[PDB]
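# Understanding the architecture of this molecule
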Amino acid sequence: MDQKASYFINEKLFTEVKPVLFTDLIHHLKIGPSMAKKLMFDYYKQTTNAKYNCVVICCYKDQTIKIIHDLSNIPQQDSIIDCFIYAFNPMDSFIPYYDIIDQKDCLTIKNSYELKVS
Amino acid sequence: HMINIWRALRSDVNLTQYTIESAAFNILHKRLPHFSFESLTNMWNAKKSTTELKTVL
Amino acid sequence: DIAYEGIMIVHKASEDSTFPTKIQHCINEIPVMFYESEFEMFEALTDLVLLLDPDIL
Amino acid sequence: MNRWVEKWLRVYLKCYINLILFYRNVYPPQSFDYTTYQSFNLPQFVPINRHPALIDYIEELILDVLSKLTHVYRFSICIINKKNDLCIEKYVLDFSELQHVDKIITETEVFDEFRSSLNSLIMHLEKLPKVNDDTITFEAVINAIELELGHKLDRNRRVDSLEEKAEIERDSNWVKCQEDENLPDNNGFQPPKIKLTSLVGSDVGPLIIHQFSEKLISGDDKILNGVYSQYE
Amino acid sequence: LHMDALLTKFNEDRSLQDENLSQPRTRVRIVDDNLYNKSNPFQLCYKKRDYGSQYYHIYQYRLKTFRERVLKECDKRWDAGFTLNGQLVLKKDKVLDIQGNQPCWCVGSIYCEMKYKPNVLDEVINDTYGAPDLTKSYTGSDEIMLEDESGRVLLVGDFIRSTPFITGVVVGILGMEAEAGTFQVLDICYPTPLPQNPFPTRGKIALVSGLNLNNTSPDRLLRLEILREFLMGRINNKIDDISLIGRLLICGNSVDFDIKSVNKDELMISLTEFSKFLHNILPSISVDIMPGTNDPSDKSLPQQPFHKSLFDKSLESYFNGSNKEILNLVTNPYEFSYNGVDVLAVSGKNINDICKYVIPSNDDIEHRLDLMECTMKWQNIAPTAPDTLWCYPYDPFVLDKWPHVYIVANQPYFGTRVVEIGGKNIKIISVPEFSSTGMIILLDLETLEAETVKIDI
Amino acid sequence: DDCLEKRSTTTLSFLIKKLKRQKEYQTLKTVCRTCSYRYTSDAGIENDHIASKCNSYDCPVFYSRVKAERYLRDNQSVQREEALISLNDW
Ligand code: SF4
């Protein structure tokens, strides 16, 4: 959380040039998505050097997940039910990369069926 | 005046098969499906679908 | 007053009925004539050739 | 172990060259296409040009560079103004301290390092000013330690296989040059000062590659004229 | 309104509750009753294969069954002693037996033109090496005719002009004889209604189709990742409503490629991307995979399930055999008994196949929905057999039971309509693609209501 | 041996070959059906039968269709299908 999520974001943003998603914080610190959004918002502040491009999305009443691009005119302002920083981007092009995640204890909604081996 | 059309085309154009389908494709640029005689008499028999009789005609 | 195209089909009354109607519906543009036997069909062909009197066959 | 090392180096060099050509307007952006497969699995969605002649040229250049990588400690792509022969931008791939072992780093880790390096390159390239159309060209310069080129045709040997023909072509396809040959000659009236920028580099187990860029970022008139799209 | 104001209005006063993650909530249990029931009509054995023949047998079987059904329903409706306004109605067997000004009805197939679209001809001509000028071969008819193995009669009237049709559809036509050799149509008849299982806080099922992952479009991967995050409750964050989505159904077109020019490397890359998505999402929700047209499966409509291979090594536990409730691979047409609700799903090759013809007797969302309604009414799933299905050994596409929900995926538009055929209610859903108009469909099993979720960029 | 160990690559190659052959055969059948529409004037079944009954030896499409049918019914295709079943029997 404090002094740890900030260090992880700084490392993953500058030591290696990779976009940082809040799901990365979820997998790293084993914390809920709301807390991850809170930490992303906290890191968004107290930063004098704006060397990253924040990517935000708006959740509407009709469940219209929309990536904000114009950043000046957001249609249906009264219809927005949630707004958060989706990711931190060090470059103009987003193009994230995905891999295998060992979600041992990071699940917030587990399925009814359990996995059986042999 | 009797005329043999295949011989007339044989004298006129330098084809390699001089069949009705070959001549039609090479001269009139039309492709005609060719059916064997057994197929034609099978589709021409009565109590058959209207499509087969139309096809033969 | 001639059609410039035609089809002659042999169809005895002992065969399946409604075959002439089915054939006429299938064509519906080119007239079709039906004859009891092949001899009458050949006689009709002779009559047609005499009536048209073509210079080339 | 060079069976996999050469393939990874080829992929990295192809992505590097294509990114430099795309982001510096060496060729029209419409020809470039964002893709993951370019006869090899690329680390990311690198833009690769679809021109057949350009593809063959880049592949031949990469193969020629790799064939002599043992003596090559530094490979550079030079951006040259067409109006006057002068290197206005220089991107350097430092191959010094690169392990040359013929005797298990896997592919995922190597591609992660390649992704980081190429992301650093893209981040550097995006900030650079745009370049006008049909006004720039690129050049390939290698820094070798102990080799001589253009002297293997003195024996009048007849080639009998494709490998020997390719070797004789690669041995004579290069011309000796001098360091900073294309740079302005330091006129003295507000002399240009070359600008150096350091970038991240892959540090995989067998692959240790450093990368940095150079730019004039100055002039004494008649340099960088009508090439940077005015102010923006 | 500046985005900083929205960020400080929403993210600052976050709830930070009900996300302890120590005891995550269990997803709603949605069980497929046909999972171990077996007896899949659309399951075909590879050893039998296709011989490229025995299609006339299927044609004759379909004709016989549909004629029997239509005759039974006609006898039920227009029984002996039934009288029209003009006079009594008489049963006519042959189609050419209609000679008089007397009401009558007959059973027979329907004949139409059904010319191929010019783009289809241009596509098939360029890949044949010797194809003739098919446009010149086409060189038409705008009238519907009834064929009954004894002749053909012209069908005229405003009743039949307002109904879409395909050649071979066996129906029962009632009406009067016109002045010429034409039959006026006053009423139409369809096969007798099939039985329907009795209906039935349950849960919701997410329907997605047309992911079309390839090696050139990076936005599809981003949309897929956003969809996965939304389905896991990370995006919406309303864990109460998201937990209601018991199962996710992928309806086909998971990968997009050209078979003419493709290697195993690019296909493997796209398949590994899909496998990574599945591995990341399977622990939270159960996913059902359906083959598509451009998916690596057979071109005939009864597509066999995805092979156990062509998946990453991380899915070996899911492919052990015992755990088929988490990951299930099924055939392209498949009946899903989701918590007692029968769902007929097809990746849409039938509707995409009828729509490739030009029929001058009848592309819009309403047109597609009407076509699906007609497919339900005709009691077959593939009206265009020569274009849709290959040689069928020993016909599963002739319906024996009416489902509660009918799903046709990979369509240009999204639409839903509730229909009532013979007193039975069937809900028809048109699932759009995800590569274009990246929209997801949420199907509520309790009320049979479908709500839509959209993802942008 | 080595190819059998890598099940994914082998099954992908077999699937690609089979799908290419099937798509080519479907295109040929569509071409023949459109050609036979000249006589049949029909678009459904009983027109594909008539189209398949053609044996015109002056058309390259006839030779292509015969070759495609032979390839689909060849013993090598049966061998590939059996290998696919064995590979995916796990
Ligand atoms: S083979 Fe050539 S001719 Fe015979 S049908 Fe097919 S295309 Fe027409």
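Residues numbered from 1 in each chain as written, not as in the entry; some residues may be left out. Chains lettered and ligands numbered in written order. Part of a larger assembly, values for the part shown. Heavy atoms only, no water. Residues with missing side-chain atoms left out of burial classes, pairs and counts.

Structure determination for the deposited model, as stated in its record, used cryo-EM, and the stated resolution is 2.85 Å.

As annotated in the PDB entry, chain F is DNA polymerase zeta catalytic subunit from Saccharomyces cerevisiae. The title given to this entry in the Protein Data Bank is "Cryo-EM structure of Rev1(deltaN)-Polzeta-DNA-dCTP complex".

Looking up chain D in the PDB entry gives the name DNA polymerase zeta processivity subunit, with the organism given as Saccharomyces cerevisiae. Of chain D, the UniProt comment under Function reads exactly: "Required for DNA damage induced mutagenesis. Involved in DNA repair, mitochondrial DNA repair and translesion synthesis. Has a role in the bypass of abasic (AP) sites." Regarding chain D, the relevant UniProt record gives this comment under Subcellular location: "Mitochondrion". (UniProt positions renumbered as here; feature names shortened; annotations may be inferred.)

What follows concerns the overall build of chain F. If you tally the helices and strands in chain F, you get five helices and zero strands. For chain F, the succession of helices and strands along the chain, N to C, is α-α-α-α-α. The dimensions of chain F, computed from C-alpha atoms along their principal axes, are 55 × 25 × 15 Å. Once local pairs closer than 6 in sequence are excluded, the contacts in chain F between residues at least 24 apart make up 56%. (Helix = DSSP H or I, 4+ residues; strand = E, 2+ residues; numbered from the N terminus. Contact = heavy atoms within 4.5 Å.)

Here the focus is the overall build of chain D. What chain D contains, in helices and strands, is four helices and seven strands. If you list the helices and strands of chain D from N to C, you get α-β-β-α-β-β-α-β-α-β-β. Taken over C-alpha atoms, the radius of gyration comes to 19 Å for chain D, in line with the 17 Å a tight globule of 232 residues would show. Overall size of chain D, expressed as C-alpha extent along the three principal axes, is 55 × 45 × 35 Å. (Rg over C-alpha atoms; globule rule 2.2 N^0.38 Å.)

In this assembly, nine residues from chain E lie in contact with seven residues from chain D. Of all the elements, helix α7 (residues 264-281) of chain E adds the most residues to the side of chain E that touches chain D, at three residues.

A few words on the pairing of strand β20 (residues 439-444) of chain E. The side chains of a regular strand alternate between both faces of the sheet. Residues and elements named next belong to chain E. Here strand β10 (residues 204-208) pairs with β20 via four bridges, running antiparallel. In the sheet register, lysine 204 faces β20, and the bridge partner there is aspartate 444. Bridge count between β20 and strand β21 (residues 450-456): five bridges; the pairing is antiparallel. Note on β21: the bridge partner recorded for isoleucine 441 is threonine 452. (Pairing = 2+ DSSP bridges.)

A few words on the interface of chain A and chain E. Every contact between the two is made by 51 residues of chain A and, on the other side, 59 residues of chain E. When residues of the side of chain A that touches chain E are traced back to their parent elements, those giving at least two are α2 (22-29), α3 (33-44), β2 (53-60), β3 (64-67), β4 (80-89) and β5 (109-110) of chain A. At seven residues, the largest contribution of residues to the side of chain A that touches chain E is made by β4 of chain A. Across the side of chain A that touches chain E, the residue classes tally to 30 nonpolar, twelve polar and nine charged. In this structure, β3 of chain A lies alongside β21 of chain E, joined through three bridges in parallel fashion. Each bridged residue has a counterpart across the sheet, and for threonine 64 of chain A the counterpart in β21 of chain E is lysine 454 of chain E. (Nonpolar A, V, L, I, M, F, W, Y, C, P; charged D, E, K, R; others polar.)

Here we come to the packing of aromatic side chains. Taking the centre distance of 6.2 Å and the plane angle of 35 degrees together, the rings of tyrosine 12 of chain D and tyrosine 16 of chain D count as tilted. One end of the pair, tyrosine 12 of chain D, and the other, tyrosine 16 of chain D, are both in helix α1 (residues 2-23), four residues apart, so they sit about a helical turn from each other. Taken together, the aromatic side chains of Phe22, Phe84, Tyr86 and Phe94 of chain A make up a single cluster linked through ring pairs. One residue, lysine 37 of chain A, lies across the ring of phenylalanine 84 of chain A, its end atom 3.5 Å from the ring centre. The ring of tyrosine 71 of chain F carries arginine 21 of chain F above its face, with NZ or CZ at 4.4 Å from the centroid. (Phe/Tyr/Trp six-rings, centres within 6.5 Å; stacked < 30°, edge-to-face > 60°. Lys NZ or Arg CZ within 6 Å of the ring centre and 35° of its normal.)

Another aspect to go through is the packing of α7 of chain E against helix α2 (residues 7-40) of chain F. Between α7 of chain E and α2 of chain F, the shortest axis-to-axis distance is 10 Å and the interhelical angle comes to 115 degrees. Here α7 of chain E and α2 of chain F pass one another in a crossing that is right-handed. Taken together, the residues of α2 of chain F that come into contact with α7 of chain E (itself represented by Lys264, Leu267, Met268 and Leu271 of chain E) are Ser8, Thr9, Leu12, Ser13 and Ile16 of chain F. Split by residue class, the contact of α7 of chain E with α2 of chain F holds five nonpolar, three polar and one charged. (Axes fitted to C-alpha atoms, helices over the stretch in contact; angles between N-to-C directions. Left-handed = near helix turned anticlockwise from the far one by under 90°.)

Here we take up the pairing of strand β12 (residues 286-289) of chain E. Residues and elements named next belong to chain E. Pairing geometry for strand β11 (residues 245-250) and β12, over four bridges, is parallel. For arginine 247, the partnering residue across the bridge sits in β12 and is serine 286. This β-α-β element, β11 to α7 to β12, shows right-handed connectivity. Of the strand pairs in this sheet, β12 and strand β13 (residues 327-329) are connected by three bridges, and their pairing is parallel. (Right-handed = clockwise from strand over helix to strand, strands pointing away.)

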